[PDB]
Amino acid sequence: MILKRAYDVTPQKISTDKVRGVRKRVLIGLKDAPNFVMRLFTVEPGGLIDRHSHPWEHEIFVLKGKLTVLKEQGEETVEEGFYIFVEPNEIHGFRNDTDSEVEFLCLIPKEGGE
C-alpha cells in the first residue's frame, strides 16, 4: 500500500505543438497499477491541451479552479467538484482561461500508458 501527498510527486512539464503550460504528475503509474493509471494535471493560466482523441476513455475529477473543456465543436467550462467522463474516441481538450492554476485528476486504462 502506497500513501503519498500528490504534490510531492515531481511534476513533468509539457511543452509541445499540442500541449503548453501544463504539468503532469503520475501518481499511480504502470509500475504499480494492474489496470488503470492515476495522473494529476496542473494547467497554468493560458495553458492548453489541444483537441485530440484516443481509443481509451478518460475519467476526470476537477480539483481546483475553472477548467475549460474543448469538445469536437465548442467548449464548456466546469468548476472544482465536477467529474468528467470522456468516451473512447471522443474529441476533447482543455484550456485555462483564468488567472490561477487549474488542477484535475485524470485516470486512463493502462493501455493509454501513464
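Don't overthink the numbering: it's just position in the shown sequence, from 1.
When the C-alpha B-factors of 82-90 and 67-75 are averaged, 67-75 comes out higher. Just going by the entry, 101-109 versus 11-19 on mean CA temperature factor gives the higher value to 11-19. Per the deposited coordinates, the residue with the largest Cα temperature factor out of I49, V62, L30, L40 is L30. When the CA B factors of the chain's modelled residues are split into thirds, the value for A6 lands in the lowest one.
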